[PDB]
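Okay, here we've got a single chain as structure tokens, the form solved without ligand ATP, with questions on binding and movement later.
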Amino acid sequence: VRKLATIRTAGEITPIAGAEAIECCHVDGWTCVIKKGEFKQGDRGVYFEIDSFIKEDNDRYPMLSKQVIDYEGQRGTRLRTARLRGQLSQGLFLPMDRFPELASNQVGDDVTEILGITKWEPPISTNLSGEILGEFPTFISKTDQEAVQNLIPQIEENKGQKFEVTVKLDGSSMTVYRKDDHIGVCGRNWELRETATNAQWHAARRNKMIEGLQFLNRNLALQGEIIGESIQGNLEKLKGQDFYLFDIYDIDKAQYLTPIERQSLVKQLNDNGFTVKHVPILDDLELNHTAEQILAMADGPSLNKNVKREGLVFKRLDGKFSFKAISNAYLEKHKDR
């Protein structure tokens, strides 16, 4: 997981025409509204990303005062995407002289624990939050993806590489895995017990993927998104619920399969009557883009080609560098994300 609060550098600062108390600060690939004169280009500050939850503290955080709410039994503010007078704003960026306990930290430091910042999350469905069997397997990587806005040097340093481009479906991450004599089914954070009502187990039995892992005889984690009815508002307008694969983790080797290895294995499972669906795949992209350009492609058709998708995921063909681009128009349309 993640660095919600980090020391970064003011990029170009541009005037927000009309409202003269404020200006727009570019912070890596993010765009952030600041008060005028608060930073100049090159100044360092603490950048709080969207989804940070910042505890009530009007000494340090008076600009969060009217948006204080109660979340997991604590008073404080969830940082969220906003469009103000045409101006896209995401995150909070405070100059370093507001944090005297950080005067010895360096640019790029992860200061999230030191500052007490927590991660906000949408509530989980009744059937996705079944009965917990244990921890998420520590021998499986989780399905988190780094945002393109946080990868400016890595994006320029990947020009000419080729990427599998998939649609990000808006559901719940799910993992079905075999390790030796154990086959498990997990949600986003816990391994779950099979019951007649558990959504993830039901999806896994319905597309036979537990039999598929038994057939394959390998220590593999199939990872994908469960989507459908009563899951995150069912953007795709499905009947029932279904699993869509986007990754397969080689447990013995501790690396994800490459895109073509993954397609190979999906082909093999379907050939043997284990029909697992894949998230929609678009044309491979040869990278030569800016983050702003990547974000520009995020909007478009989803699995259901008549709805607007959450974004895109990009996976380099060697399976060694992956990132996501969340559609900003999608975050303006749904304010519970």
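So that there is no doubt, residue numbering starts at 1 and follows the sequence shown. What we label the rigid core is the largest C-alpha set whose atoms superpose within 1.5 Å from one form to the other.
Just so it is clear, the following notes concern the form deposited with ligand ATP bound, a form of the same protein that is not shown.
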query	finding
Segment assignment from 308 to 316, 283 to 291, 264 to 272, 25 to 33: heavy atom within 4.5 Å of ligand ATP in the deposited bound form	308 to 316
Option touching ligand ATP, based on a heavy atom within 4.5 Å in the deposited bound form, out of 78, 178, 168, 202	168
Ligand ATP: the contacting residue among 252, 144, 113, 135 in the deposited bound form [heavy atom, 4.5 Å]	144
is_contact(residue 279, ligand ATP) in the deposited bound form, heavy atom dist at most 4.5 Å	yes
Non-hydrogen atom contact residue 10 with ligand ATP in the deposited bound form at 4.5 angstroms	no
Any non-hydrogen atom of residue 208 within 4.5 angstroms of ligand ATP in the deposited bound form	no
Contact test in the deposited bound form: residue 246 vs ligand ATP, heavy atoms, 4.5 Å	yes
Residues in 186 to 225 with any heavy atom within 4.5 Å of ligand ATP in the deposited bound form	188, 225
Flagged residue of 267, 159, 239, 85 - C-alpha shift reaching 2 Å or more between the shown form and the other one, core superposed	85
